[PDB]
Structures are given as structure tokens and as C-alpha cells.
Amino acid sequence: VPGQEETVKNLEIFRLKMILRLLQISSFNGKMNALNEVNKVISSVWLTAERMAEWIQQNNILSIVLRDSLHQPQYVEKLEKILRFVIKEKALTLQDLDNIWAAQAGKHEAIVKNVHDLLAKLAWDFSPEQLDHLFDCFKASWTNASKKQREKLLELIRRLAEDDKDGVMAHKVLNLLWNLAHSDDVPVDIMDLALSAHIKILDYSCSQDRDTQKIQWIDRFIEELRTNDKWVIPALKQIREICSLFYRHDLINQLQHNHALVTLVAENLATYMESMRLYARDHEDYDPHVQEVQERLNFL
């Protein structure tokens, strides 16, 4: 009937109401059936791309979904498509991402990686504001992170880089790796993991981005150790694996023309041997220091 227009929208909410209750059903069969029906209507999408996205928003559909249903990887994969739909018309909000990152707060190790799995696949469609807020959430998690929590954060962080189709998000990812590997508050066993992730991220992400940033990133690494505040120990070796992989025979000459590597390291040795001996007259009642001297000669 052509005249039954408000009737179609009246029932359309009624079916939407029934679906939401099906999500609210504690039965797992109902919730997966509800998502499949949600998965079908999104593909069909008078329900435009913004009305259903809004309908998910104020109803807090994902808030109920992420509570317990995340424990099954098969369910999350279906959940990925609708969340992509919510993102692509800019419907997800900051608090929604907070709930996404709240799913890893003290729960089982099973679901936390699936939350990482969904975010990594959702990373490309996230807006820059969404991406940086996630990085801010990572740093806040990093402050209270545990030993197992820190490594899987890097595992999540390295998941953000290899899938980066355009080398824009990778720049912020490398900034975190530079921040983390240079953050003295974090023990040494993470330091290598943060460095190693940077090594492979600069390795796997060749595409059209790798060597071009190499010179910039290797020079920035030299620049970091051009000031003596204990950045030298990580920065010097960080260069070493880069030079081992990233032409190489002329690269040493290219990095010796005006940013001389052998020459500059000589002062870094000199400028720290003096500093060590400054307190070696009053604080000599200590122990060797050896790692600092050993590594510096190793790089040279």
C-alpha cells in the first residue's frame, strides 16, 4: 500500500526493538542470531547509513556486546563488519573506544588478544583522532602494565604497523617505540622488544616506505645520542641493526660525509668517560658501566 509509509517506519523500529532484546537475551544462541540479523540488515542498508548507526549508538549495542560475548573469536569477526559500518560514517565516539580498551582491564588473557585482534583490523578505518586516543590509551596502560601486559601491548603495537597500507599511522607507532625504548621507567627486557619491533616494522613495511625514512630515522637516532642523557646506550645499538640491514657499503661513507659515525662516537666515548670519572673520585665505592663501554666499542 503506497499510503502505508509511517507504518513501515513504525514496524522497522519494532523489528529493531526485537533484535535489541535478542541481544539482551542471556542465551548465546540468541545473541549470535541477533548479530547475524544485524549483519544482514547492515548489508541491506529507508534505513540509511546514519539512522542505523545512530540506533546502535544511543542504544549502546556495542557496550552490551563487548561485555561478555568477546570470548569467542568467531563472534568478534562478525562484530568487525558492523563496527566498520559504524566507523565509516563517523558514528563511534571517544567513550566507545574507552569501552573497547576497557575490555582488557584485568580479564582473562583469552579476550584481551581478541580485543587486540579487532582493533588491529579496525585500525585502518579509524580516524586520526581515534588513532591517537588509542595511542593515549596504550601509554596509560603502559604506565600500569605488567610484564605479560607490556609485551602483548608491543604485540598489539606491532599489529598496528604491518597492516598500515599507507605509511602515516606507522610514524606515530614508531614514536611510541622510540618513547618506550627510551623510557627509563621500563625495564631492559622490554627495551629490546620495543627495539626489535621497530626493527621488523622498518623491515616488513618496505612497500614505498622504508629506506626514505631510514636516513631520517637513522639520523634522528644519531641526533638523540648527540645529547648525553643515557639515550646513547639504546640509540647507538638501534642504529647498528639498521646499518646491518639498511647502498650499505656506501651508506657508511654517506653517513660519514657530514654526520660522521666513527668521528661522532669518539666524543660520545670521551664525553662519558669524563662523566664517569667525575664521580669516580667520590663514588668509587661502586661496581662496574661495563655494558656501556662494551657496547660502544662494539658498534665502532
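Its PDB header names cryo-EM as the technique used to obtain the model and reports a resolution of 3.3 Å.

A.B. asks: Looking at this structure, I do not really get the environment of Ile61. What am I missing?
C.D. replies: Mapping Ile61 onto the fold places it in helix α4 (residues 61-68). Contacts of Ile61, omitting those with residues within four sequence positions, involve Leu20, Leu23, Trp55 and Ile56.

A.B. asks: So what exactly am I meant to see when it comes to the packing of aromatic side chains here?
C.D. replies: In this structure the tally under the stated criterion is 4 aromatic pairs. Grouped by ring-pair contacts, the aromatic residues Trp101, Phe135 and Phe138 constitute a single cluster. Directly above the aromatic system of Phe28 lies the positively charged group of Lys31, at a separation of 4.2 Å from the ring centroid. The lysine or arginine in question, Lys214, covers the ring of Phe246, its NZ or CZ lying 5.8 Å from the ring centre.

A.B. asks: Would you explain the packing of helix α10 (residues 169-181) against helix α11 (residues 188-204) in this entry?
C.D. replies: Each pair of packed helices can be summarised by the angle the axes make with each other and by the distance between the axes. The contact between α10 and α11 brings their axes to 8 Å, and the two run at 155 degrees. As judged from the angle between their axes, α10 and α11 are roughly antiparallel. As α10 runs across α11, the sense of the crossing is left-handed. Residue-level inspection shows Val173, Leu174, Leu177, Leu180 and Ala181 of α10 in contact with α11, the latter providing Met191, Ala194, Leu195, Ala197, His198, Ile201 and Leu202. Across the contact of α10 with α11, the residue classes break down as 11 nonpolar, 1 polar and no charged.

Procedures and definitions
- Residues numbered from 1 in each chain as written, not as in the entry; some residues may be left out.
- Part of a larger assembly, values for the part shown.
- Heavy atoms only, no water.
- Helix = DSSP H or I, 4+ residues; strand = E, 2+ residues; numbered from the N terminus.
- Contact = heavy atoms within 4.5 Å.
- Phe/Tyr/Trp six-rings, centres within 6.5 Å; stacked < 30°, edge-to-face > 60°.
- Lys NZ or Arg CZ within 6 Å of the ring centre and 35° of its normal.
- Axes fitted to C-alpha atoms, helices over the stretch in contact; angles between N-to-C directions.
- Parallel < 35°, antiparallel > 145°, perpendicular 65-115°, else oblique.
- Left-handed = near helix turned anticlockwise from the far one by under 90°.
- Nonpolar A, V, L, I, M, F, W, Y, C, P; charged D, E, K, R; others polar.

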